[PDB]
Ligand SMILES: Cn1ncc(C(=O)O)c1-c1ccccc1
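The form deposited without this ligand is given below as one chain in structure tokens.
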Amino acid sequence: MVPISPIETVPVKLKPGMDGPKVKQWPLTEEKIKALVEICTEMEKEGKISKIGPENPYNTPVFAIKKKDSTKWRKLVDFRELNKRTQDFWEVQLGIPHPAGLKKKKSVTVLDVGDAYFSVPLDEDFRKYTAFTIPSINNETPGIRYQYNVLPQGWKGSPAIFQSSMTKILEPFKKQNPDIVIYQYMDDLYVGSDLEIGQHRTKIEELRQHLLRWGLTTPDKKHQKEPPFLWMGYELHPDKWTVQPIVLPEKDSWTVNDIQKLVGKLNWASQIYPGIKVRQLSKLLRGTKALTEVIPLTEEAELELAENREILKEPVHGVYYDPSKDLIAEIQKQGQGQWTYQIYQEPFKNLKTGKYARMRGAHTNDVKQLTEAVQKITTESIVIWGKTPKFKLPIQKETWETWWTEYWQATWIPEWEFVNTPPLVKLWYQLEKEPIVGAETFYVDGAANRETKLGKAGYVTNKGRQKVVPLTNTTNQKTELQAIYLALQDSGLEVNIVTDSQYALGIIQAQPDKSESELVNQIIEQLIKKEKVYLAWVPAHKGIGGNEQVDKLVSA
């Protein structure tokens, strides 16, 4: 006998204040009972479970299920109740690697570690909570009672404890063989390297010898699995990756559910297929969640879908990461708040792609959205590669300079260069810092009745120009915006406007270039046509000349 090292036990507790499960065993057919007795006898022979006395008060139900197209039964121990009562664990697998961050490998070998799983013992003090009962033939003797000695399949703690146990065993081997990579997924170890194949096979045998120190054996007959690997929705090859096939179905009509599935596929495809768009299809899903409802596709949605089919017509692949090279991220504006990007190291060899959509809200502009996309790509890049890419952006250096030096918020984008690929992001208007000599001064105001929603908006100027418009279905805030719109409409190319609306000033001072409000869009359209606009604020009802005059005209 060659001594083997024990696997360190992980101590396990129930949640505070909770006791173990006490769930009734269901009656079973004589056939099912006989099947479970044989299965459990073998598990007992193998050391996985042990018979227990009558003192243990806990129980979990056990079932027998017929393995399809076979005459063999399988046992199922339903640990749902125990799982509700078992502590939370550190779950190492929460974040999965993105293929674009992997490194090219010459060789990747798969080792099956399913047998090692049953060398991981269950914490002695916790075993009692895993008790289960095979009912006896005809209920005429006490049922056979068992508890687990190993991590039960289906128990809450098994994946984390198994994974952590393997990691601890593998740590010295990885550390002392820095020329390989090791990744565990389910019951398999993946071992990659760039060694010539003879040396790579030597390392695999050395890993098997290392694992034997803990008595863990792997199958000599090498795995049937070999590149390419289907993993987490991807295809991995030694020197490239892609998504598993993206097939958009043909339909004569589309339900809520169909469109959700379509967008899900498109989102997934968008990490390597450049230029995928989902705005118009997602617009069809607004607010309603009856999955069977049939939604007619708009012309815009049909066009978007046709454009997506053309993008997906043939395979696209990503390359892997070379740490010796810079990362480059390039962004394009697609319209309607949509942005698309590519990340590469060598021209025309993308590592991955992606997209960004405008956040929901009342007002926005292209510079803010571009900034948001940059921050998203930066954070994603830290995750995948541990560094920020150099950016290529469709905004002139002077435009960015004007934006950030004058914008009321702090803002930053990391090292970047202008790329001249239309449509370019620009500033559509810029308010004056000082009043304009020689430009007419428009004093604006509005008022609305809160019950009837009738109101008025208008202006008076230093030249004696005046206008008041009676309005229906409006509010105080809306009339203030309407009054500014009137002043813009009726003035020359340079205009000074005086408002007492903190609200209206707050909107225009945020510099939107597009809005959910048609009124704000009309104001934006007017601002773009002006040569110079100075917008001044004053407090209402403080005896200021022009302001008090127009206030009287609109509040009567």
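Start at 1 with the first residue shown and count on from there.
A second form of this protein, the form solved in complex with this ligand, is not displayed here; the remarks below concern that form.
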Notebook entry, point to check: So which of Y356, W404, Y485, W254 gets a non-hydrogen atom within 4.5 Å of this ligand in the entry with it bound?
Noted result: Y485
Check: Of these, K478, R85, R127, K203, which has a heavy atom no more than 4.5 Å from this ligand in the entry with it bound?
Finding: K478
Notebook entry, point to check: Does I413 make contact with this ligand in the entry with it bound, using a 4.5 Å heavy atom cut-off?
Noted result: no
Note to self: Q522 versus this ligand, in the entry with it bound: is there a non-hydrogen atom within 4.5 Å?
What the structure shows: yes
Note to self: I'd like to know whether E518 contacts this ligand in the entry with it bound, with contact meaning heavy atoms within 4.5 angstroms.
What the structure shows: yes
Margin query: Taking this ligand as it sits in the entry with it bound, is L471 in contact with it (heavy atom to heavy atom, 4.5 Å or less)?
Written below: yes
